[PDB]
Amino acid sequence: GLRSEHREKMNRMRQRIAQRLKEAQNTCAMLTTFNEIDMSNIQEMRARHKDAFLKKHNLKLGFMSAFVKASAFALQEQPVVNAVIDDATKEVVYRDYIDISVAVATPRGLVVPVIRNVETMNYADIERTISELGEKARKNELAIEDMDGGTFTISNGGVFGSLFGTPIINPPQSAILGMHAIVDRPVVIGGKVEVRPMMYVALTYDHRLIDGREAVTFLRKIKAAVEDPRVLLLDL
Amino acid sequence: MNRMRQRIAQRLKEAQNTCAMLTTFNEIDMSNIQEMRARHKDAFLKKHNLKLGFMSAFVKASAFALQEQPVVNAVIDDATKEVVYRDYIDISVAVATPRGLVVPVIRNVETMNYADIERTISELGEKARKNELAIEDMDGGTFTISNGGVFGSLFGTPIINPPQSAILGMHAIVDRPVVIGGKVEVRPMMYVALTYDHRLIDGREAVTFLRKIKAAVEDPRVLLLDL
Amino acid sequence: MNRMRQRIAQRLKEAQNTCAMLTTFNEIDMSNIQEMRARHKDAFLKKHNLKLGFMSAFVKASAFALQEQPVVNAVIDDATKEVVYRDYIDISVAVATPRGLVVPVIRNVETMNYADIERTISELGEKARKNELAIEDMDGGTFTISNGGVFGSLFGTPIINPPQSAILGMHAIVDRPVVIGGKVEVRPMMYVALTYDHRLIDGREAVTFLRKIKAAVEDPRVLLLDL
Amino acid sequence: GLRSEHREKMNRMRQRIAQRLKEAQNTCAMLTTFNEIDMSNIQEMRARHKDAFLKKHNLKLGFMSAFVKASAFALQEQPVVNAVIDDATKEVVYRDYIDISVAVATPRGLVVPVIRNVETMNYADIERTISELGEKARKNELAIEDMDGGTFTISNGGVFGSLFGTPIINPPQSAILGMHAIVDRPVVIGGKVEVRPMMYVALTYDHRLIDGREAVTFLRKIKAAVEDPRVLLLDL
């Protein structure tokens, strides 16, 4: 055999990132709750609205916008999940606005832009902002003010094939949604086993501020808004 | 509480207070390994005087995955602010004794076949059955494989053994319905969980490492192709 | 007849007048290798920028069989009345060029994967396509694999390359009816012929060596088990 | 990599064996002709006469005796194949007697006893002689006079799984029969494909003395005598 232990020194900013990551766990009391979403409806919608959508808006219709809009609706329903707890003053600051940070992928790494005031956006606007920030961040010119102060987060581990896992809360928030890969699985529809494209979804919430019942109902609200997008119009 | 059990508890809490631990799960189709061993077992037993379990397949697949991604094999040292890499690879595997469970180490697994891994596992399992297992046979593993399957668990989150950056936790094999070629079918499946130190290993890296282990265990011929 | 062709003919006759040559045949079911490559080809091409042929599988299987039985890897020297063994193993594989066929050598095949063997084969096939192939890349093979299959032959008797004790001759793959589990079935099969020097290698040894190659090629996972 | 060429010197008798082996090729003009034998009848016979045969003779009923007896019958039919050519005197010596050498397996190696005057033996006698010599040779006490002067040979490569090959004539003879492993193969019986246990058989003959037609007819005679053992009784 052989032995060798070459090494590299940790730079300043990576050390800062690690310290911040540990502070995130040492500040919040994190727990996770999982659920499954039937992705048939979104796939069926996009597989026929993609062509006309591409012609109209010069954009590709992914399913990220549906999740972003559903999460925005769920947050609007339950303000507490949109709030954050500040220990420096012993105050639970609420927020009337809602902006969401979505992770984008670059060969150099992954970064998290922010979508400002998502409550007034359609699917087209969300997709356009996502594409604009994904091409703007592909080149390194992404400034701090486009990454600062998200209230809620959506993490994408699905594109790499994970089944389900526990994400970690980005410091200045109270929750994070972690999506995962879509897999064909057998499910029971109307008392009969059937094959559908399903995906597990995991939510991590700060148990100090958000009760377990609140987190579970919030996740079920996201599920309801993603399975049948027409729920968004009914304000149901 | 005696001295050493108290020390164990303190070390266990230090493990969580040092690393930033997260977990990611996946499922592995165990048809191929079962089919291989159910017909190579007899000749393997005659040739090597050994029983062909599926532990060696997982150990070798994990070794291959680690060799593919060096960062997962590295550890982070806070005492000096350095990320020490390792060119060698040794793996600690948990063995069961009536008195308890202990974790020997397999040295330099990158140069071993299935037969060598099985022989080392059997030798250490019989050597540890008797209490004569020394410290130097338990010190300094770079990666770990934990066995909760033999007791019937479905899936769970293991805890990183202090001087490492990841741990693989296997679980019981259960027959479950899965979709093969658009049609529901019954196969023997098992959930696998990986716990990684999020300070050093990115989520994408952990997910790809777990998928690499899955690819190497589902179709062992991937090991030969270096794919 | 030019000088070198006359020398080649004289050497060829000396090959028969030195060794006591016999041949033994067998059949190999090529389903597994075809199924492996027909789905690992794309990812293998992306990873290594190479085409996954079945030559590497045969080379590796022959290397494993030779390692199992040292005597087949040995050669008999009449100039000193000594049977020289060899701890190393290098294999000569025939490559095709429009001007003719030549036989490079693969050095120390015992430490190679499929990827390394394929890379060496491609490198020597493109290096020999241009005439710049030197003597030291063709001298001193211990075992040989001859390719008559690409031209459509069914089976035949190859001739031992002088400084060796055996030669493996592959042949074309043809779909033939075979009995699997008591029922006639269609599979892609191929006849394989071995020529061995009967002075040094016993008939039983040659037959067992050929069966070992068959076992290693039908189910590549035998390579990992060291079975 | 590594290189090492340890070696062992060839002893006297192994060198003599090699010299004799090369002399065998340099004396005879060897050729080979193959054929296939349907082994259904012998298997069916022994699979039901084995028990009573074991009780009667305290012996195991293999198929070696059938081949030995069939070869003896074929040799008796064609005397020329039983003859040998002597270059030392330019004479083709015939033989009225017939003895056959059969190879036996020992952990130390393989050796070839001789069965004397096989023309007057049943299956039971041949099996008894084979067993007696196989147990006598298992212990090293096998003398020269039990190995000298066979007129015809039967070689066993089947037990090791070979399909077919070319054997080499034992010096003081004119032919050798090489059996091979029994494999289930599809064959055409009455115009319809069917599965039967078949085995390839190879004959090597000295082309100086034996014509190709004679060798082919001799092999077909062995096939006829082994497929339907009742041919032995009919003297057909």
Check your understanding: Take the residues of segment C:208-227 that are closer than 23 Å to C:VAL174 by Cβ and part of a helix (DSSP H, G or I): which is nearest to the other protein chains (Cβ to nearest Cβ)?
Key -> C:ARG211
Review point. Which members of segment B:165-186 meet the condition of being assigned to a loop (DSSP other than H, G, I, E, B) and in contact with a helix residue (DSSP H, G or I) (Cβ under 9 Å, 6 or more places away or on another chain)?
Key: B:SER165, B:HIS171, B:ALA172, B:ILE173
Check your understanding: Being under 24 Å from C:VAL72 (Cα atoms) and not hydrophobic (A, V, I, L, M, F, W, C), is that true of even one residue in segment C:124-134?
Key -> no
Exercise for review: Starting from segment D:92-112, keep only residues that are of a type in the set (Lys, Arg), then list their pairs with residues that are assigned to a strand (DSSP E or B) whose Cβ atoms are within a distance under 9 Å, requiring at least 6 positions of separation or different chains.
Suggested key: D:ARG95/D:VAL84
Exercise for review: Identify the residue in segment B:1-21 that is outside any helix (DSSP H, G or I) and touching a residue at least 24 places away in the same chain (Cβ under 8 Å) and, among all such residues, is nearest to the other protein chains (Cβ to nearest Cβ).
Suggested key: B:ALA20
Practice item. Return yes when D:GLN25 is at the interface with another protein chain (Cβ under 8 Å from one of its Cβ atoms), over 30 Å from D:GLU194 (Cα atoms), among the polar types (S, T, N, Q) and assigned to a helix (DSSP H, G or I) and no when it is not. Key: yes
Check your understanding: For segment A:41-133, which strands (runs of 3 or more DSSP E) that fit wholly inside it have 3 or more residues that are surrounded by 14 or more Cβ atoms within 10 Å (Cβ to Cβ)?
Key -> A:100-102
Practice item. Hand me the list of strands (runs of 3 or more DSSP E) wholly inside segment D:143-213 holding 1 or more residues that are within 12 Å of chain C (Cβ to nearest Cβ), of a type in the set (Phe, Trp, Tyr) and touching a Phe, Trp or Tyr at 6+ places or on another chain (Cβ under 9 Å). Key: D:192-206
Exercise for review: Look through A:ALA103, A:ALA72 and report the one residue that is within 14 Å of chain B (Cβ to nearest Cβ), among the small types (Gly, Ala, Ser) and either over 30 Å from B:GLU14 (Cβ atoms) or touching a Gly at 6+ places or on another chain (Cβ under 6 Å) (or both).
Suggested key: A:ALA103
Practice item. Select from segment B:96-120 the residues that are of a type in the set (S, T, N, Q) and surrounded by fewer than 19 Cβ atoms within 10 Å (Cβ to Cβ) and write down the one among them that is nearest to C:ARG221 (Cα to Cα). Key: B:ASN113
**Study point:** segment B:23-56, residues that are under 25 Å from B:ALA74 (Cβ atoms) and more than 17 Å from the chain's Cα centre (by Cα)
**Key:** none
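For segment B:177-192, state whether one or more residues are charged (D, E, K, R), within 23 Å of A:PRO167 (Cβ to Cβ) and within 14 Å of chain A (Cβ to nearest Cβ).
no
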**Study point:** Filter pass, D:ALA83 being without any contact (Cβ under 8 Å) to a residue 60 or more places away in the chain and in contact with a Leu (Cβ under 8 Å, 6 or more places away or on another chain)
**Key:** no
Exercise for review: Consider D:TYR205 carefully, then state whether it is over 21 Å from D:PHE63 (Cα atoms) and buried (at least 21 other Cβ atoms within 10 Å of the Cβ).
Suggested key: yes
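Conditions (1) basic (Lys, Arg); (2) closer than 20 Å to B:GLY141 by Cβ; (3) within 14 Å of chain A (Cβ to nearest Cβ); (4) in contact (Cβ under 8 Å) with a residue 12 or more places away in the chain, marked per residue:
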site	(1), (2), (3), (4)
B:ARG39	yes, no, no, no
B:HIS48	no, no, no, yes
B:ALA63	no, yes, yes, yes
B:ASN73	no, yes, yes, yes
B:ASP78	no, yes, yes, yes
B:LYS81	yes, no, yes, no
B:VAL84	no, yes, yes, no
B:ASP90	no, yes, yes, yes
Check your understanding: From the list C:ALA65, C:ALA9, C:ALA94, which residue is among the small types (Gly, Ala, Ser) and in contact with a strand residue (DSSP E or B) (Cβ under 6 Å, 6 or more places away or on another chain)?
Key -> C:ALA94
**Study point:** Among (1) within 25 Å of B:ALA15 (Cβ to Cβ); (2) of a type outside the set (A, V, I, L, M); (3) surrounded by fewer than 19 Cβ atoms within 10 Å (Cβ to Cβ), the one test that B:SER92 misses
**Key:** (3)
**Study point:** Complete set of residues in segment D:4-24 that are among the basic types (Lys, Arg) and closer than 26 Å to C:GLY140 by Cα
**Key:** D:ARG7, D:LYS9, D:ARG14, D:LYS22
**Study point:** Given (1) over 18 Å from A:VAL187 (Cβ atoms); (2) more than 14 Å from the chain's Cα centre (by Cα), index of the condition B:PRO158 fails
**Key:** (2)
**Study point:** Some residue of segment C:136-152 being away from every other protein chain (no Cβ under 12 Å), in a helix (DSSP H, G or I) and surrounded by 14 or more Cβ atoms within 10 Å (Cβ to Cβ)
**Key:** yes
Review point. How many of the residues in segment D:138-152 are within 18 Å of the chain's Cα centre (by Cα) and not polar (S, T, N, Q)?
Key: 6
Review point. Does B:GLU126 count as out of contact with any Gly (no Cβ under 6 Å at 6 or more places or on another chain) and away from chain A (no Cβ under 14 Å)?
Key: yes
Practice item. Would you check if C:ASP197 is within 13 Å of chain D (Cβ to nearest Cβ), more than 30 Å from D:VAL187 (Cα to Cα), crowded, with 19+ Cβ neighbours inside 10 Å and among the charged types (D, E, K, R)? Key: yes
Review point. Out of D:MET30, D:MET10, which single residue is within 14 Å of chain C (Cβ to nearest Cβ), within 30 Å of C:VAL109 (Cα to Cα) and surrounded by 11 or more Cβ atoms within 10 Å (Cβ to Cβ)?
Key: D:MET10
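We place every Cβ from the backbone using ideal geometry, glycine too, and count neighbours over all the protein chains shown. Rule-based calculations on the coordinates, nothing more; no lab input.
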